[PDB]
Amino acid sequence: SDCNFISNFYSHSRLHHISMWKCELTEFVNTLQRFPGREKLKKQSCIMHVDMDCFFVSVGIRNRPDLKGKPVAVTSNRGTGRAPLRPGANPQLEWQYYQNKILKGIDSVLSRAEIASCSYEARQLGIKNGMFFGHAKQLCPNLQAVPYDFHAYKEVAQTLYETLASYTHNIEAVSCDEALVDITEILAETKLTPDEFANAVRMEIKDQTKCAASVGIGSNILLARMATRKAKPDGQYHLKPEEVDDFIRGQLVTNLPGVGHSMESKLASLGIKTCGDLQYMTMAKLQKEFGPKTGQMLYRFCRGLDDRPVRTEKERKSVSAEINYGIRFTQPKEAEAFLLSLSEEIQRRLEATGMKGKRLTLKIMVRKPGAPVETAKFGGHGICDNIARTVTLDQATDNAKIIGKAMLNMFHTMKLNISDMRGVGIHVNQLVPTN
């Protein structure tokens, strides 16, 4: 049953989990705006970024001292690095497409399970988060596989924020294992050097989780995030003002928060690889080429300038639910049955968050023409494109029968081969809170 299929997918999805945890930690921090750790150590803006090292791995091997110091990966694959042969799939074509259009603008039995997190040992060999386990185990035959433990990560994630909250409420939740903290007040009250405090928080986090955090310190958010890169693993790095200009010039532009593979490829065609190359670009040229806001962001960031305060309050703008894995329909009756289920799921989330929406958007992934019907990854969406529809209701609703019905009307206007469908997503906008 599609009802059990949905529940079962979300049950096993790490990406669904990290998103929920982020949502929860964000709400916890918001709450704090409506300190045992400071007094227990009471015995020019300053920003600290706290980021746990190889978070799933570290938690996974907490109580497994045989795996410390080894190449380890958190993945679904039991450990062989093999999967059943998939004849008619074309891993080569999908990988080329991934390197060409996506990373820019025996193979047949290898595991295509993703590595969620890998140890630093494993990294010293090119294994990175998001690599297929089959391939990783080719780069490093001694890669150790470790199962997910979602309960344990949620517990460490919470312990992490509780700990930071014990020093200050001036926190921004970046993710489940990562927060920004403004420590200007603490340093003034305790009279401690930024480094002394950073060490203290690290010692305490390790004490309470058996997991290591790296800390980056700087006079703004951008600079604190970048210092963390240099701090990892198990360390800290204070990027002082006198070092900013020389540190920044050598950084690959891709390291700037907000520059991914698409922006990188567009900059490389401008002849720009490092932040230093970028500094030579005018504000007017960056805005013309990239738009006003992105243009300005690039100009400022490549200089180490950033004036965003720590955002302690975040308001929810949308609720959604997508599954782009294990979607295979043959009949329009099956697809419409599934749309009505995801509609009950979207009702639960709107309720759980106490919202109703006016604007409803259906997004379908469809197999791309020329792309093989048999996916390289078991259950994968493979190479696809997106069809999207949007409607707007007269009243904000949270009723699945109305949402379901809206999804069926939207789905009918699509020109679609059911057997090419590879993913479905419902997105709710223009929210209003209940009561």
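Counting begins at 1, following the sequence as shown.
- Missing coordinates between residue 34 and residue 35 amount to 4 to 9 residues of the deposited sequence.
- Taking the PDB entry as given, 123-131 carries the higher mean Cα B factor of the two stretches 320-328 and 123-131.
- Averaged over CA atoms, B-factors in the entry run higher in 93-101 than in the other of 93-101 and 258-266.
- Taking only the listed residues 42, 405, 49, 377, the entry reports the highest CA temperature factor at 42.
- Annotation for 273, 308, 300, 285: 308 ranks highest, by Cα B-factor.
- Among the modelled residues of its chain, residue 382 has a C-alpha B-factor that falls in the lowest third, as given in the PDB entry.
- In this PDB entry, the Cα temperature factor of residue 315 sits in the top third of its chain's modelled residues, the highest group.
- In the PDB entry, a CA B factor belonging to the highest third of its chain's modelled residues is recorded for residue 418.
- Per the PDB record, residue ranking by Cα B-factor puts residue 354 in the highest third of the chain.
- Sort the chain's modelled residues by C-alpha temperature factor and residue 30 lands in the highest third, per the entry.
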